[PDB]
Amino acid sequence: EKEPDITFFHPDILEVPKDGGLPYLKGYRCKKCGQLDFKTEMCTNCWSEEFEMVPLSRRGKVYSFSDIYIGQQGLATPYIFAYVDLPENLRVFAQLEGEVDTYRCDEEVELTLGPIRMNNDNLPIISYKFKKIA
């Protein structure tokens, strides 16, 4: 299609400030019941549609991960993905930057941006990932 496929994921989860400020993940807190979640049309706990935007911590912690040697079609292998827990008590699934056989559970990691896959036009989709701090 000459109307392009996406090159970014996703404006309601990963905030890239237009003035060049550091990107951050964001959640949305239900104003009725207080549930924090990623962006959704209605609160899955109480069905309210009234929210407040909550910027999320850029530091998280690898809860678990796996080195992927046989993965999705079209992604370069090996790659790594993980459950990354944020201190706001939200869990984010994301790729980890780096080499196989180097991550451990409960390791601290920091948000970063990079290509997570190629789109239908064979151009990279840029999204959030996490990387080692030191």
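All residue numbers are counted from 1 along the displayed sequence.
Judged by mean Cα B factor in the deposited record, 74-82 ranks above the other of 74-82 and 29-37.
Of the two stretches examined, 100-108 and 85-93, the record assigns the greater average C-alpha temperature factor to 100-108. For residue 15, the recorded CA temperature factor ranks within the middle third of the chain's modelled residues.
Per-chain ranking of the deposited C-alpha B factor places residue 67 in the highest third.
Placement of the Cα temperature factor of residue 22 within the chain: highest third of the modelled residues, per the deposited record. The PDB entry assigns residue 8 a C-alpha temperature factor belonging to the highest third of its chain's modelled residues. Ranked by C-alpha B-factor against the other modelled residues of its chain, residue 126 falls in the lowest third.
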